[PDB]
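Colleague: This one is my_file_20.txt, compact mmCIF, C-alpha atoms.
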# COMPACT_ATOMS: atom_id res chain seq x y z
CA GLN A 1 33.87 -7.42 -12.52
CA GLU A 2 36.64 -9.56 -11.02
CA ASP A 3 36.10 -12.53 -13.36
CA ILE A 4 36.07 -10.26 -16.41
CA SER A 5 39.17 -8.39 -15.23
CA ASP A 6 41.10 -11.62 -14.68
CA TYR A 7 40.04 -12.98 -18.07
CA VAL A 8 41.28 -9.78 -19.72
CA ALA A 9 44.55 -9.86 -17.77
CA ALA A 10 45.14 -13.51 -18.68
CA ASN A 11 44.00 -14.06 -22.28
CA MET A 12 43.58 -10.56 -23.74
CA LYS A 13 46.33 -8.30 -22.38
CA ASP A 14 49.26 -10.21 -23.88
CA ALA A 15 47.84 -10.60 -27.39
CA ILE A 16 46.60 -7.00 -27.57
CA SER A 17 49.98 -5.76 -26.34
CA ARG A 18 51.91 -7.99 -28.78
CA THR A 19 50.59 -6.56 -32.06
CA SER A 20 52.27 -3.93 -34.25
CA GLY A 21 52.39 -0.27 -33.22
CA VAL A 22 50.90 -0.68 -29.74
CA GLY A 23 52.73 0.98 -26.86
CA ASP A 24 51.67 0.92 -23.22
CA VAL A 25 48.53 -1.08 -22.41
CA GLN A 26 46.74 -0.25 -19.15
CA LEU A 27 44.24 -2.40 -17.26
CA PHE A 28 41.32 -0.75 -15.46
CA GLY A 29 40.66 -3.76 -13.22
CA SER A 30 42.56 -6.09 -10.90
CA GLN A 31 43.25 -9.78 -11.42
CA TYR A 32 42.23 -12.47 -8.95
CA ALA A 33 43.50 -12.81 -5.39
CA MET A 34 42.79 -15.46 -2.78
CA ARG A 35 40.69 -13.68 -0.16
CA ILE A 36 40.61 -15.17 3.34
CA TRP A 37 37.64 -13.84 5.31
CA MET A 38 38.06 -14.44 9.04
CA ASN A 39 35.26 -15.08 11.52
CA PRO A 40 35.76 -13.72 15.07
CA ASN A 41 33.44 -16.34 16.57
CA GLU A 42 35.41 -19.22 15.04
CA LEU A 43 38.72 -17.54 15.89
CA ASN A 44 37.62 -17.32 19.52
CA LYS A 45 36.33 -20.91 19.42
CA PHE A 46 39.71 -22.48 18.59
CA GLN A 47 41.79 -20.02 20.69
CA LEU A 48 43.42 -18.29 17.73
CA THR A 49 44.33 -14.77 16.63
CA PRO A 50 44.93 -13.39 13.12
CA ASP B 1 52.70 -46.35 3.41
CA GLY B 2 49.05 -46.58 2.34
CA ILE B 3 48.50 -50.34 2.46
CA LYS B 4 44.87 -51.22 3.13
CA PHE B 5 44.45 -53.34 6.24
CA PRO B 6 43.37 -56.89 5.29
CA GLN B 7 41.28 -57.11 8.47
CA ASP B 8 38.38 -54.85 9.43
CA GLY B 9 37.65 -53.35 12.83
CA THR B 10 34.49 -51.95 14.36
CA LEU B 11 33.77 -48.60 16.01
CA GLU B 12 32.46 -48.71 19.58
CA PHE B 13 31.92 -46.17 22.36
CA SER B 14 31.75 -42.80 20.62
CA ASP B 15 32.77 -40.40 23.39
CA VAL B 16 30.81 -37.36 24.57
CA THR B 17 33.45 -35.07 26.06
CA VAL B 18 34.65 -32.17 23.90
CA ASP B 19 38.29 -31.11 23.78
CA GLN B 20 38.68 -27.45 24.72
CA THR B 21 41.84 -26.65 22.76
CA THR B 22 40.72 -28.12 19.41
CA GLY B 23 36.96 -28.60 19.66
CA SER B 24 36.68 -32.28 18.81
CA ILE B 25 35.66 -35.57 20.40
CA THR B 26 37.34 -38.97 20.29
CA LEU B 27 36.12 -42.33 19.02
CA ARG B 28 37.41 -45.83 19.71
CA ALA B 29 37.72 -48.61 17.13
CA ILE B 30 38.77 -52.22 17.71
CA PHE B 31 40.95 -54.06 15.19
CA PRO B 32 42.04 -57.71 15.35
CA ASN B 33 45.84 -57.96 15.15
CA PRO B 34 46.83 -61.61 14.63
CA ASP B 35 50.02 -61.06 12.62
CA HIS B 36 51.35 -58.16 14.76
CA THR B 37 51.39 -55.82 11.76
CA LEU B 38 50.21 -53.00 14.05
CA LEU B 39 52.04 -51.56 17.05
CA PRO B 40 50.81 -49.30 19.87
CA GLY B 41 51.28 -45.56 19.54
CA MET B 42 51.69 -45.30 15.77
CA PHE B 43 49.89 -42.79 13.55
CA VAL B 44 47.14 -44.15 11.28
CA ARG B 45 44.22 -43.00 9.14
CA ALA B 46 40.74 -44.43 9.64
CA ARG B 47 37.87 -44.66 7.16
CA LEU B 48 34.41 -44.62 8.74
CA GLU B 49 31.10 -45.35 7.04
Could I get this structure in the form of structure tokens?

Modeller:
Amino acid sequence: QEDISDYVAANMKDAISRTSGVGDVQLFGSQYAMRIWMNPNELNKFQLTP
Amino acid sequence: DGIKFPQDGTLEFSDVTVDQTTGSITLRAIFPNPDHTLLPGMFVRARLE
């Protein structure tokens, strides 16, 4: 779902919005985002907190 | 600056103690220094095979 949503937001939203007669264009997904998943064991190992 | 050292050193005495704060051990390498192009205390990168 995320890959498809980002592809639509990148290479489909602009062209579809930039034709004749089209008003608001809404996206039903969310584009990419760099997710950083912590690990409490590793955080404890190096003496670190979020 | 990134200049490759013309001479080559050798690794010896891989340590066994583990640093608490970081979680890493230390290794010692020996490099011949005939031309005094290296000085004590400087920061360097090492390539190990």

Colleague: Can you work out which residues from chain B touch chain A at a cut-off of 12 Å (counting all atoms listed in the file) and hand them back as a PyMOL selection string?

Modeller: chain B and resi 19-24

Colleague: Distance atom CA of residue 41 of chain B-atom CA of residue 1 of chain B, one decimal place?

Modeller: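 Here the two named atoms are 16.2 Å from each other.
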
Colleague: Which distance in Å separates atom CA of residue 9 of chain A and atom CA of residue 26 of chain A, to one decimal?

Modeller: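 If I compute the distance from atom CA of residue 9 of chain A to atom CA of residue 26 of chain A, I get 10.0 Å.
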
Colleague: What is the atom CA of residue 27 of chain B-atom CA of residue 15 of chain B distance in Å, reported with one decimal?

Modeller: 5.8 Å

Colleague: Return as JSON the centre and edge lengths, in Å with one decimal, of the box along x, y and z that encloses every atom of segment 8-11 of chain A in the file, padded by 5 Å per side.

Modeller:
{"center_x": 43.2, "center_y": -11.9, "center_z": -20.0, "size_x": 13.9, "size_y": 14.3, "size_z": 14.5}

Colleague: Please list as number ranges by chain every residue within 12 Å of residue 46 of chain B, counting all atoms listed in the file and excluding residues in the same chain fewer than 4 positions away.

Modeller: B: 2, 4-5, 8-11, 27-31

Colleague: Take the point (48.2, -61.7, 8.8) in the file's coordinates, draw a sphere of radius 10 Å around it, and report as a list in words every protein, DNA or RNA residue with an atom inside or on it, counting only C-alpha atoms.

Modeller: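 Those residues, ordered by chain and then number, are residues 5, 6, 7, 32, 33, 34, 35, 36 and 37 of chain B.
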
Colleague: Take the structure in the block and write a file for chain A, C-alpha atoms, as a PDB file, in the first residue's frame.

Modeller:
ATOM      1  CA  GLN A   1       0.000   0.000   0.000  1.00  0.00           C
ATOM      2  CA  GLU A   2       2.781   2.448   0.891  1.00  0.00           C
ATOM      3  CA  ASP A   3       4.763   1.921  -2.325  1.00  0.00           C
ATOM      4  CA  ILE A   4       1.638   2.358  -4.451  1.00  0.00           C
ATOM      5  CA  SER A   5       0.574   5.454  -2.510  1.00  0.00           C
ATOM      6  CA  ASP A   6       3.986   7.082  -2.935  1.00  0.00           C
ATOM      7  CA  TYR A   7       4.059   6.262  -6.648  1.00  0.00           C
ATOM      8  CA  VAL A   8       0.641   7.883  -7.059  1.00  0.00           C
ATOM      9  CA  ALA A   9       1.677  10.931  -5.025  1.00  0.00           C
ATOM     10  CA  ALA A  10       4.876  11.340  -7.055  1.00  0.00           C
ATOM     11  CA  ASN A  11       4.114  10.516 -10.700  1.00  0.00           C
ATOM     12  CA  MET A  12       0.306  10.497 -10.942  1.00  0.00           C
ATOM     13  CA  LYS A  13      -1.099  13.255  -8.728  1.00  0.00           C
ATOM     14  CA  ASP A  14       0.506  16.176 -10.574  1.00  0.00           C
ATOM     15  CA  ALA A  15      -0.408  15.080 -14.104  1.00  0.00           C
ATOM     16  CA  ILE A  16      -3.977  14.129 -13.170  1.00  0.00           C
ATOM     17  CA  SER A  17      -4.404  17.449 -11.372  1.00  0.00           C
ATOM     18  CA  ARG A  18      -2.900  19.440 -14.273  1.00  0.00           C
ATOM     19  CA  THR A  19      -5.436  18.551 -16.976  1.00  0.00           C
ATOM     20  CA  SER A  20      -8.454  20.621 -18.054  1.00  0.00           C
ATOM     21  CA  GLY A  21     -11.549  20.914 -15.874  1.00  0.00           C
ATOM     22  CA  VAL A  22     -10.193  19.062 -12.828  1.00  0.00           C
ATOM     23  CA  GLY A  23     -10.638  20.729  -9.451  1.00  0.00           C
ATOM     24  CA  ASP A  24      -9.513  19.318  -6.111  1.00  0.00           C
ATOM     25  CA  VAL A  25      -7.680  15.973  -6.222  1.00  0.00           C
ATOM     26  CA  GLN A  26      -7.589  13.943  -3.002  1.00  0.00           C
ATOM     27  CA  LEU A  27      -5.210  11.117  -2.097  1.00  0.00           C
ATOM     28  CA  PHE A  28      -6.477   8.166  -0.058  1.00  0.00           C
ATOM     29  CA  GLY A  29      -2.988   7.080   1.009  1.00  0.00           C
ATOM     30  CA  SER A  30       0.150   8.572   2.555  1.00  0.00           C
ATOM     31  CA  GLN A  31       3.524   9.035   0.887  1.00  0.00           C
ATOM     32  CA  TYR A  32       6.747   7.583   2.261  1.00  0.00           C
ATOM     33  CA  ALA A  33       8.344   8.474   5.586  1.00  0.00           C
ATOM     34  CA  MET A  34      11.616   7.320   7.114  1.00  0.00           C
ATOM     35  CA  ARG A  35      10.576   5.115  10.026  1.00  0.00           C
ATOM     36  CA  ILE A  36      13.097   4.588  12.827  1.00  0.00           C
ATOM     37  CA  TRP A  37      12.185   1.547  14.922  1.00  0.00           C
ATOM     38  CA  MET A  38      13.999   1.561  18.254  1.00  0.00           C
ATOM     39  CA  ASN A  39      15.118  -1.502  20.198  1.00  0.00           C
ATOM     40  CA  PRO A  40      15.036  -1.253  24.014  1.00  0.00           C
ATOM     41  CA  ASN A  41      17.756  -3.890  24.412  1.00  0.00           C
ATOM     42  CA  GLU A  42      20.163  -2.003  22.148  1.00  0.00           C
ATOM     43  CA  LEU A  43      19.197   1.327  23.725  1.00  0.00           C
ATOM     44  CA  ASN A  44      20.050  -0.102  27.147  1.00  0.00           C
ATOM     45  CA  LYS A  45      23.261  -1.635  25.776  1.00  0.00           C
ATOM     46  CA  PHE A  46      24.813   1.687  24.708  1.00  0.00           C
ATOM     47  CA  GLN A  47      23.392   3.724  27.631  1.00  0.00           C
ATOM     48  CA  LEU A  48      20.970   5.761  25.528  1.00  0.00           C
ATOM     49  CA  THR A  49      17.390   7.027  25.717  1.00  0.00           C
ATOM     50  CA  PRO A  50      15.015   8.066  22.910  1.00  0.00           C
TER      51      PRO A  50
END
